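Notes follow the structure.
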Amino acid sequence: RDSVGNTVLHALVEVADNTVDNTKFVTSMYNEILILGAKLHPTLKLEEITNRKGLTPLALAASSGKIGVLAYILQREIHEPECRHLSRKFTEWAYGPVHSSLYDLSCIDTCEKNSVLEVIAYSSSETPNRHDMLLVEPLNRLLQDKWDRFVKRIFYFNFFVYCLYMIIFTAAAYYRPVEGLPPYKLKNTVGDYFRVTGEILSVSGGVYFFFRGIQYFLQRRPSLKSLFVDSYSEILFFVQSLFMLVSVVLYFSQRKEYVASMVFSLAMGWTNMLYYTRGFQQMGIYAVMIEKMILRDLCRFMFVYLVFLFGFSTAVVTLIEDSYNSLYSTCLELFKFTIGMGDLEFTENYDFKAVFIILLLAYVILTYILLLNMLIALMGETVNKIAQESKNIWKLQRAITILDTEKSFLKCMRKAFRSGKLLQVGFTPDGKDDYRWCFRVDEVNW
Amino acid sequence: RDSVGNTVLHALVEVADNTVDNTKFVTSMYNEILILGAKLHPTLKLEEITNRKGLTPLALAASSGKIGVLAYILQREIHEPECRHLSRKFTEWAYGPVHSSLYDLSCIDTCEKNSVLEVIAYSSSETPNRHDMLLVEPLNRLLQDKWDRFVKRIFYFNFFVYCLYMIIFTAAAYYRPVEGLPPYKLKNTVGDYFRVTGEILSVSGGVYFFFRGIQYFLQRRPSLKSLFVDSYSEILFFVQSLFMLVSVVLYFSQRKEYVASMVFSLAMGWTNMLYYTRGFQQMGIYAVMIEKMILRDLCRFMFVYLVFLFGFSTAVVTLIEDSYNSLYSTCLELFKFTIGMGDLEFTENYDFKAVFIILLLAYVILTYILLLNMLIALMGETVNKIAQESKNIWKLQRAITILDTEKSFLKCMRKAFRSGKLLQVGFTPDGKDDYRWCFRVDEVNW
Amino acid sequence: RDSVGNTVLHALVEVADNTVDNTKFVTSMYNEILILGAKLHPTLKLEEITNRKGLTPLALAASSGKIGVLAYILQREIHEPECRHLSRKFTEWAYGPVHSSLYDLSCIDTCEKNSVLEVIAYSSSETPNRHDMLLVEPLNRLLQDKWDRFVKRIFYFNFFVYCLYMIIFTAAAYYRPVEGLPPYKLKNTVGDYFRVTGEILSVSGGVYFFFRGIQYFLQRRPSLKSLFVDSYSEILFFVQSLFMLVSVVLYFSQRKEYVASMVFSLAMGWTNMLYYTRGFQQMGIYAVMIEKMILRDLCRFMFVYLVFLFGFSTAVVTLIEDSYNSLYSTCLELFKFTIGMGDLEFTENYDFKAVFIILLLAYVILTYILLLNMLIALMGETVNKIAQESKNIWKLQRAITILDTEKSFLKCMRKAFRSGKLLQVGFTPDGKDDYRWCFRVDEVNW
Amino acid sequence: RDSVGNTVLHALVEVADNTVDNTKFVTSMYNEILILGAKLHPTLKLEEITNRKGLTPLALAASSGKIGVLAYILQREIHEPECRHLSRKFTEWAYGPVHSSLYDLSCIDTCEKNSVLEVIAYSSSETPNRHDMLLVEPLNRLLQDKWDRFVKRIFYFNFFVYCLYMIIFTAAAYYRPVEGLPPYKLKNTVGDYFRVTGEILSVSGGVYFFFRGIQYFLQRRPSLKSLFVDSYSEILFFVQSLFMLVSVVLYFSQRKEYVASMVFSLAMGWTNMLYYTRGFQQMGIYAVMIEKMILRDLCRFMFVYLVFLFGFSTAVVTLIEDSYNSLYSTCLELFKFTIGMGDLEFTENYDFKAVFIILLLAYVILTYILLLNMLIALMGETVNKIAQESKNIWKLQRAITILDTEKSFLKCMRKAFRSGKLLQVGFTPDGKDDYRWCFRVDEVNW
Amino acid sequence: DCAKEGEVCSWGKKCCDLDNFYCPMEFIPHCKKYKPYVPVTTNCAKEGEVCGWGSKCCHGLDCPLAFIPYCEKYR
Amino acid sequence: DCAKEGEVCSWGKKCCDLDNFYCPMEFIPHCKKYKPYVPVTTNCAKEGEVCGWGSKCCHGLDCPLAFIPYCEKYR
Ligand SMILES: C=C(C)[C@]12C[C@@H](C)[C@@]34O[C@](Cc5ccccc5)(O[C@@H]1[C@@H]3C=C(COC(=O)Cc1ccc(O)c(OC)c1)C[C@]1(O)C(=O)C(C)=C[C@@H]41)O2
Ligand SMILES: C=C(C)[C@]12C[C@@H](C)[C@@]34O[C@](Cc5ccccc5)(O[C@@H]1[C@@H]3C=C(COC(=O)Cc1ccc(O)c(OC)c1)C[C@]1(O)C(=O)C(C)=C[C@@H]41)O2
Ligand code: NA
Ligand code: NA
Ligand code: NA
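This is the structure we're talking about:
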C-alpha cells in the first residue's frame, strides 16, 4: 500500500532517520530490492519515479537530509550477471593505500529537474547536516575541481568590476555641484563631462542590481517567514537599488532631498563589499558572524532595552518642568549614558534635584554595568559557538557561490561536464554501449 | 511501628532517594503491598491517608521531590484479576511505533485539598528537580493542551489591558498642571475632563494592584527568609501600588511633593512590564537573568565596593582642607571615576598635591581595572551558567502562569476539564461502573 | 639500616606518594609491624620518636602532605587479642545506615610539640592536599564543634571592636584643627576633650597592632622568600602600624607633614576590614580573589606595561621641544590614554605634528585595544579558575582563624577539650585503665 | 627498488606516520635490518648515508617530525654478540627505582653537516611535534646542562649591555641642541664632549645591528612567504637599524628632519627589549601572546574594519557641504568614536541634521557595541588557547636561544662537549677501542 | 536661501538669523524665536531653607550639593 | 604662610601670587615665575608651504589638519 504512488524505496527514505542500525536495515533492503527489480524486469529505468512534486528517492533523501541513504544509493558497486546495469561505482587501477575509483556523474550536473547540488545548497536552513552532506567524495571533489578550473577567473573578475563601480560612484558623488535646485545645466568644461559620465554609470549599476533582485525573488519564491533567515545578501543589494532609484526620482523632481537618499546608498555601496570575502579560507568568518549577531540577537534584545530607555526617559522629562527640553533630547542623553560617552554634570536650578540624582544613578547602574555586559556575555557565547564549525561553514560558502555562477555562466559555454562520453562502462541488458560522464578519482585512505 | 500514623507506603516515600536500585526496590514493594491490600480488604480507598500536614504519598512525593516515585505511582498498570481497580494507565489502540495510551487524570485538577500541580509549581525553590518533574507525560501534555486551548486568549488579553493602562497613565502624568499648591480646580474645557479621567483610571489601577498583592501575601504566607528569593514579581507590583498611594495621599494633603512619588511609580510602571515576556519561548530568558543577577550577586559585591569607596572618600576629604567641598560630593566624584566617565583635571592650589595624585592613581588602578572586571567575570559566569537550563526553566515559567489564571479564571465556568466522564475503565470490586476523567494520548516511541 | 635513627614506619611515611597501591602496601606493612611491636616489647610507647626536626611519623605525614597515611593512622580499628591498645576507633551503638563511632582525639589538640592541626594549617603553601587534609572526620568534627560552641562569640566580638575603633579613628581624624605648627594647645571646651580622647585611642590601637605584628614575625620566622605569599594580612596590619607611628613622630616634631602619613593609615584602616569577611560561607571569596590577583599577576604585568609607557613617553617628550612640558606630565597623559579617560585634542603650534599624530595613534592601538584586553583575559581566567575550588579554601579560612584564637583564648580556662576523660576504652597490656579524650560521633553513610 | 639512491631506512622514515603499530613495525624492521647489516658487511658504517639534501635517516626523521623514529633511534639498547657496536645506550650502576644510564652523544654537537639540534630547533613552524620532540631525554639533558653550566653567564651579561646601551641613547636623544641647521659646532665645554660621545656610541650600535641582521638573512635564506611567521625578532632589530641609518644620513645632509627618524628608532629601542624576556619561566609568555595577536589576527580584521570606516567617512563628508572639513579629519573623528573617547556634540548650522544624527547613531551601534566586542572575544579565545602550552613553549625559547649563542660563542670557547673521550664503551667489529663522548645520566623512573 | 519661522529646518534647510532664530532638536525642527530671560518669581526658598527637594532658591544665593542642602549667600 | 620662589611647593605648602608664580607638575614642584609671551621668530613657513612636518607657520596664517597640510591666510 502507498499514498501517492510512492515506491517502497521512497517510503524507506521517508522512514530512515540516520540511525546506524536503521541505516543497515534500509541499506540491505535497498540492495536486495534493487537486485530483484533488476533481474525481474530489465526493461526500463525505475529510479526516476514521478510524483506530485516530481521527487526522486535520492532527491527526497537530499531534501530531507537523510545522509545515510546518500552514502549508499550513490555508491552502488556490483558485478553479478543479469544485474550489472545498475552500478554507479567502478574500479580500474588499485594499489595498497590508493585506489583510482570511477564514479558515475548523472543526476548532479544536468538532470534538467532537480540535481543533488540544487537541493542541498538551496535548502531552507532546517536540515541538521547540510554542512556535511557536501563532504561526500564525488560532490566534494567535483566542486573542488570546478573551483580550480574556471570559476576563479569569473569570481575575481566580478570582484574587480564591483570595486571599480564603487570607486566611480564615490568619485561622482563627492564632486556634486553646490548650487541649489537641480537639475543643473552642464558647461563645456571637461570636468562636467566626467561628472555626467560618472552619474550615468552609477544609475546604470543601480538599475542592473534592481532587475537582478527582481529575477531572484520571482524565481526563488521565499516564504515571507524565512525571508530574512536566508537570502540576506540579495535583500541588502535590492535595498541599495531602491535607495538609488528613489534618489534619481527626487533628482528629476526638482528637489534638494535626493542627497539624503544618495548617501545612504553610498554607505551600503561600500559595506556590501564584505559579501565577496565569503569564499576565502580565513577571512570569510567575519561576514557570517556579523549576519548571525545582527539577525538572531539584537531583534530580541531591542525590546528589553527599549522598555528601560522609554520608562526612564518619560520619568525624567515629566519630573523636570518649567538639555532635557523635550522627549527626543532626553532619549538621546540617556542613550549617551548607556555607552559610556555621556557626562554627569548636575548643573543648578533644577527643582527636585535630589530625586533627579537618585534616578540617574539608578539608571546608570541598571543599564551600563548590569544589562550591557549581559548582552556582551551572550555575544561572546555566540562567536565562540562557531569558532569550530568555520571549516564546514566555509564549504557551504564555496558551494553556493559556484552554483550561481555556473548556472549563469555568462559566455554561452558548456564546459561544466568533467570529461568524456566514456563507453568503458557500457553496461545494459541490451547489446548496446553507454556512457555516464564518469570521473576518475584517486582515494588515498588507509 | 510508625511515627505519626504514617503508612508503609508513606515511610517508603520518605526513605526513597531517587537511586535507580532504590527506585526498583521501592516500586516493587509498592506493587506487592498494593496488590496485597486489594486482595485483603477491597472495601475502601487507602491512598488518601491523612496526616498532621494532610499529605498523601503522592502529595509527599511531590513535595519532597521524590521524582522516582512519581514516575511510578502516577502510571500504575497491571492485569491482576479481581484487583484491576487500582490501575491508572490503560490502552485502546496500538500500533508498531505509536500507542494511544489512556491516562487517568484524577486528583490533579479537582482534588479539593492539594493537587500535584499545586505542589510542584509552588515549591520553595529547594527541590532539585522541580523544573524536570513537570516533564512527565501526563502533566506535561495536560499543560500543553490547556495552554493551546483557551489560556492564550486570556494571557494576551491581560497583556494588552496592562499596556493600555500604562499608556493612559503616562499620558495623564505628562500633562500635569504647572501652577503650585494642589488640588487644582478644573475648567470646563475638554482637556481638563480628559486629564481628570486619566487620573481617576490611574488611581483605580493602583488600588486594584494593592488589593491583589495583599490577597497574595495572605494566601501564600512567605517565610520572611525566602521572601525575596521567590515571589519577586508580586513584591515589585506591590511596591508600585504603595508609591501610587503615597502619591495620592500627598496630593490631597496640599503638598507639591507628590510628583516626587509619582514619577517613581511611573518608572516601575514601565519596567515590570518585562514580567509578561515570561512564557515566550525565546524572549523570556532576559527576565530571569536579570532577576538572578540583581538578587544573588550585587547584594554581595555591595559590601566590598562600599568599603573601598568610603575609605578613599574619607581619606581625600580629610587630606584637603581650607569640588570635594563635602563628603557627599567626593563620594559622587569617586563613583564617577569607577565607571570610566570621570575626568582627572588636577587643578592648582591644593596643598599636598603630590600625595593627592598618588592616592587617586592608587584608587583608579584598584577599582577601575582590578575590581570591576572581577565583577564582570563573575556575571559572565552566571550568564553562561543558565544559557542551557533556560529551556526547562521556561517550562516551569509556563506552568505557574497557567495555574494562577486557571484557578482564578474570572468567569465561573468549569471548562477546564480535558474530556468526558469516560466509563470505559469502570473497574471496581463492585458490579458498578466508574470514570476517572481519562485522557487519550498518542506516544510515538520505538 | 637508617639515616638519623628513623624507624621503618618513618621511612614508609617518607616513601609513600599517595598512590592507591602504595597506600595498600604501607597500610599492610603498618598493620603487621604494629602487631609485631605489640607482641615483642609491650613495655613502652615507641611512636613518639625523636628526630633532628622532632617529627613523629604522624607529624611527618602531616607535614609532607602524605594524606594516604593520615587516612589510616588516625583511624586504626582492629580486634587483635593481647594487642588491643593500639586501636584509635571503636563502636558503641550500630544501626543500618548510621553508626555511633567513638573516635580517639588525643595528640591533636594538646600534644605539646607539633599537632596535626599545627602543621596542616601552618604549611608553607606547597602541600598539595592541605585543603582536603582537614576533611578527615576527627579533624573536621573538632573544628566544626569548636566553631559552634564558643568561637563565634569571640570572633564577632573582635569584629565589632575593630569596627568601633575605625569609626572613632575616622571621627578624630576628620575634625583636626586647621591652624599650622603642631602641637596645638587645647581649650577647656568639650570638643577639645573629645578630640584628644579620640587621638589617644587611635595611637593606642596603632601601638597594639605594632606589637602584635612583631610577636607574630618573631614566632613564625618567615623565609623572606615566601614572606608575601603567606602572611599577607599581618604584613598589611603591620604596615598600618608603621604609618601611624611615623605620623605621631612627625606630629611631635613640630612639622605639619604628619597629615600626609595619617591619611594613608586611614585608608588602610578601612580596607583591611575585608579580612574579617573571611570565614563567611559566601562573601569570603572576594578577599582571596583580590589577594591572588594583586600578588601573582600584576608583579609580572608591571614590567611589560612599563616598557611601553617609558619608551613612548621619552619619544614624545624629545620629539616636541621649544601639556607635555616635562617627563612626568607626559607619563601621566599617556597613562590617562591607557584607561580610556584621556582625550585626543591635537592643538596647533607643535612642529612635527604629522609625526606626533602617528605616534599617538600607534600608542593608543597598541595599549588600549591590544595589551589591556590581554590582561583582562588573563584575570578572567584566574577568576573562573578558583570559582569552584575555593569552597575547600573557605574551610582553610575557617581552620586557621580558630587555631589563632584558641591558642590565645584570653580567659585562662582550659575548656577547649571536647568531652571527658572517658575510661570506657581502657585498653593496655597492663591491668590498668586509661582514657584518650574520646568523643562519640554519629556517622550516617550508606 | 629506490628513487634517488635512498636506503631502506630512508624509506621507512618517510613512510612512518607516528602511529603506534607503524612505530612497532618500523622499529622491528630497523632491529632486523641493523643486525643483518652488521653481520653481512662489518667493514664500514652505513647508517650515516648522505642524500641530495645531505640528510641522514636520523636527520630526516628530525626534519619531518617523525617523533616515533627519534624515540627509538636515539636510544638503541641491545646485547647482540658480534654486533654490539650499534648500541647507543648502556648502563654502569643500577638500583631499584634509579638507573645511571650512559648515552651516546655523537652527531649532535660536531657532525659538521647538519646536526639534530640544527633542524629540530630551526623548523618552519609546521612540524606537529616540535614542542615535544626536544623532550626526548638526551637532548633535554644536554640543553639543561648547557644552560646551567656556562650559557647563563653570557645571556644575562648580554642583557645588561643592551640595557646600558639604550640608556645612553636616551640621554643622547634628550639633550640634543635646539638651534636649527645641523651639523652643529661643538664647544670646549664638557657637556658637548659627553653629547658627542653618546652620539658616537649610538651610531656604533646601529651599525652593529645592521651587519648582524644582514649576516642572519644571508645565512638563513628565508622563503619570503614565511618571512614574518618566523624570524620576527631579527626583522624588528633590522628595522631599528634602518631607521637609525636614515637618521644619520639626513643629519649630515643639513636637514632638520632627522629627529623625525630618530625618535622612531628610539621607540623601538625600548619596545623590543621584550625579546630578552624570553627564557624566563613565568614572564616569558607575555611576549608570545603579542607576536601572534599582532600578526595572525589584526592583518585579517584590518580590512573588515576599514570598509566600515571608509564607507561612513565618505558618506558623512559628502552629506555636509558649504570639524569634518576634509576626509582626513572625518576619518580621525570616526576613529575616536570607535574606541569610546569621542563625543557626540551635535552643534548647530549643519543642514540635513536629522539625517546626520541617524547616520552617526547607526555607526556607533555598528562599530562600538557590535564589531569591537567581536574582536575582543576572538582575542580572548587566542589568549586562552596558549595558557596551557606555555610549559612546552618556553622550552623552545630556551633551546633556540642556546643554539645561536653556543654556535656563535663569541670568545673562542670550546666547552660544548660534556666530558672525556670515554673508552669504556669501546665497541667495534675491529679489535680496537673507541669513544663516543658519552654522558652519564641518572634516570629515576618507577 | 534659508527657512522662515514655523517652517521645517534641518531636513534640507537652515533657519536664518541665529541671533533671532534657532532650530530645536525634536526630530521635526520647527525653528522659533528666542524669549527674554525673565527674572526669578515668587515661591523661591530663602536662606537657611531646604532647597532642591521641592523648590529652588532665589537668584541671590546658591543651593549646594549634598543629601539635604541648605542655601547660603555666596561669600 | 605660603612658599617663596625656588622652595618646594605642594608637599605641605602652596606659593603666593598666582598671578606671578605657579607650582609646576614635575613630582618635585620648585615654584617659578611666569615668562612673557614672546612673538614668533624667523624660520616660520609662509602661505603655500608645507607645515607641520618640519616647521610651524607664522602667527598671521593657519596650518590645517590633513596628511600633507598647506598653510593659508586665517579667515
Ligand atoms: C537588514 C536591513 C534592512 C538593514 C538595512 C540597513 C538599515 C542596515 O541596518 C540594518 C539594521 C541595523 C540598525 C542599526 C544598526 C545596525 C544595523 O541591518 C541591515 C543593514 C546592515 C548593515 C550592516 O550589515 C553588514 O555588515 C553588511 C553585510 C554583512 C554580511 C553579508 O554577508 C552581507 O551580504 C551582502 C552584508 C549595513 C547598513 O545597510 C548600513 O550601511 C547602514 C547605515 C545601516 C545598515 O537594517
Ligand atoms: C612588524 C612591523 C614591521 C612593525 C614595525 C612597527 C611599525 C611596529 O608596528 C607594527 C604594526 C603595528 C601598527 C600599528 C599598531 C601596532 C603595530 O608591528 C611591528 C612593530 C611592533 C611593535 C610592537 O611589537 C612588540 O611588542 C615588540 C616585540 C614583541 C615581542 C618580540 O618577541 C619581539 O622581538 C624582538 C618584539 C613595536 C613598534 O616597532 C613600535 O615601537 C611602533 C611605534 C610601532 C611598532 O609594524
Ligand atoms: Na569607556
Ligand atoms: Na569573557
Ligand atoms: Na569622556
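Chains as they are written, first to last, in the authors' numbering: chain B, 280 to 601, 626 to 749; chain C, 280 to 601, 626 to 749; chain D, 280 to 601, 626 to 749; chain A, 280 to 601, 626 to 749; chain F, 1 to 75; chain E, 1 to 75. The beta carbon of each residue, even a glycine, is placed where N, CA and C say it ideally should be.
Neighbour-count burial assignment, residue i, 16 or more Cβ in a 10 Å radius
i, result
"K724/C", "exposed"
"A690/A", "exposed"
"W749/B", "exposed"
"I68/F", "exposed"
"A373/C", "exposed"
"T650/C", "exposed"
"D411/D", "exposed"
Beta-carbon proximity check, residue i vs residue j, cutoff 7 Å
i, j, result
"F742/B", "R717/B", "no"
"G590/C", "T550/D", "yes"
"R367/D", "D383/D", "yes"
"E709/C", "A702/C", "no"
"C9/E", "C31/E", "yes"
"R331/D", "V283/D", "yes"
"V395/D", "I387/D", "yes"
"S693/B", "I564/B", "yes"
### Chain-ordered residues of the region 653–671 of chain D with a beta carbon less than 8 Å from chain E
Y653, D654, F655, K656, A657 and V658
### Message
What ranges does the alpha helix (DSSP H) occupy inside the region 473–553 of chain B, keeping only unbroken runs of at least 4 residues that lie completely in it?
### Response
511–531 and 537–550
### alpha helix (DSSP H) runs wholly inside the region 660–738 of chain B, at least 4 long, in chain order
675–688 and 693–711
### Task
Compile a chain-ordered list of the residues in the region 640–654 of chain A whose CB is closer than 9 Å to at least one CB of chain F.
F649, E651, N652, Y653 and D654
### Message
Beta carbons nearer than 8 Å to chain B: which residues of the region 575–593 of chain A have them?
### Response
Of all residues in the region 575–593 of chain A, only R579, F580, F582, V583, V586, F587, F589, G590, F591 and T593 place a beta-carbon less than 8 Å from a beta-carbon of chain B.
### Query
In the region 449–464 of chain C, which residues sit with their C-beta less than 7 Å from some C-beta in chain F, listed in chain order?
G459
### Query
Mind listing which residues of the region 2–25 of chain E have their C-beta closer than 8 Å to chain C's C-betas, in chain order?
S10, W11, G12, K13, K14, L18, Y22, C23 and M25
### Members of the region 380–394 of chain D that neighbour chain E once the beta carbon cut-off is set at 9 Å
none
### Query
Which of the residues in the region 51–73 of chain E, read from start to end, lie with their CB under 8 Å from any CB of chain A?
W53, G54, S55, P64, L65, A66 and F67
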